[PDB]
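Only one chain is given next, in structure tokens, and it is the form deposited without 6-benzyloxo-2-chloropurine.
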């Protein structure tokens, strides 16, 4: 039905959680969802539909980077009629305004990719999330006690940056972290009239050069998972 998803039309609820790591998508199915079944497995990129607090929710892995994210976000919308996409993952903080275990809501995704220039007349597409969904995130966060960090992230084509000298200038311009997908997520949801949001969990801080132990990563990520599931229920 698509080259990258072997689910049947209707297997996806119109709300979908997105992760890069299909192993994390699997974890969220067995632990936080009821009646969760695997609906897709192409290239080991798992996807699930299930229930949280009585409500129907779908989960989907999307690999790493803007190209990979765009492929799956594209197919989820145009073929499986997903209408809200919430992506959650890790980043590398580059700003002193955030530290470990913080959660970042990206209201802007700057980039060094050419994808949005290709999409958009070789001008500067300000790749942003759906406002209402970010309002749900902010409000849900408050009810759950989370102090959300709000600002821009920088979506890079490079995990190994050739421009680490530019991180202070990115922080200057209200870039709280670097990750690798939100500009594609946001541009794709924009392209296809869909609602998207990206939440970051600070697992590594690239300025102070501190990181979380593998235990704290699981507990830090659990709190971002609950936030996601709570704003979609």
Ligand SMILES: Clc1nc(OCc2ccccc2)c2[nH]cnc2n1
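Numbering follows the first chain given and starts at 1. Here the rigid core means the biggest group of C-alpha atoms that line up within 1.5 Å when the two forms are laid on top of each other. Shifts are known only where both forms have a C-alpha.
Below, we turn to the form deposited with 6-benzyloxo-2-chloropurine bound, even though it does not appear here.
- Contact check for residue 162: every heavy atom lies farther than 4.5 Å from 6-benzyloxo-2-chloropurine in the deposited complex.
- Contact annotation: residue 26 falls outside 4.5 Å of 6-benzyloxo-2-chloropurine in the deposited complex, judged by heavy atom distances.
- Although the partner is absent here, residue 73 is not a contact residue: none of its heavy atoms lies within 4.5 angstroms of 6-benzyloxo-2-chloropurine in the deposited complex.
- Proximity of residue 203 to 6-benzyloxo-2-chloropurine in the deposited complex falls within the 4.5 Å heavy atom cutoff.
- This chain is drawn without 6-benzyloxo-2-chloropurine; in the deposited complex, the residue among 90, 113, 134, 110 with a heavy atom within 4.5 Å of it is 90.
- Residue-level contacts in the deposited complex: of 125, 94, 77, 141, one residue has a heavy atom within 4.5 Å of 6-benzyloxo-2-chloropurine, and it is 94.
- Note on the interface: of 29-37, 204-212, 48-56, 185-193, the segment with non-hydrogen atoms within 4.5 angstroms of 6-benzyloxo-2-chloropurine in the deposited complex is 204-212.
- Shown here without its partner, the chain carries 13, 83 and 105, none of which come within 4.5 Å of 6-benzyloxo-2-chloropurine in the deposited complex through any heavy atom.
- Once the rigid core is aligned, the segment that moves between the shown form and the other one, defined as three or more consecutive common residues whose C-alpha shifts all reach 2 Å, runs 210-220 and is the only one.
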